[PDB]
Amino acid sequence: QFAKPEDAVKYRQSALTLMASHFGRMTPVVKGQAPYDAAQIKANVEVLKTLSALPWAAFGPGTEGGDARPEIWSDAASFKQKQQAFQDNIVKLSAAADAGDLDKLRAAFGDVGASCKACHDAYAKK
């Protein structure tokens, strides 16, 4: 869907910005600093689910640019493992949200965050 590599870069950066907001806005809730409304969180995690599937198709070959490290492309398999594993942590977060299980939500939220950082430390430029 991208006319030039720059369009893929802009798309993925925008998608990642939106995940970050839908993930990070729950921090006060998981810390207990803001109240826990199970329905609110269920709905927000559904949005996050949708968004978390979107970036990867915008790292399609030849789309070097942005702050993407080149290693995304020279080992397609390891990067794919990374994103698929991240998405499966999102599945655990969805399960916790759908169950209205706060304890499970806290644990899943931490594991998701660790997954974000694991990818950045291998694949995003400093």
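A residue's number is simply how far along the shown sequence it sits, counting from 1.
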**Item:** Greater mean Cα temperature factor according to the PDB record, 44 to 52 or 97 to 105
**Value:** 97 to 105
**Asked** Which is higher in the entry, the mean Cα B factor of 114 to 122 or that of 8 to 16?
**Response** 114 to 122
**Prompt:** Taking the values straight from the PDB record, which of 90, 76, 39, 58 has the highest C-alpha temperature factor?
**Reply:** 76
**Request:** Could you look up the Cα B-factor of residue 35 in the entry and say which third of the chain it sits in: lowest, middle or highest?
**Result:** lowest
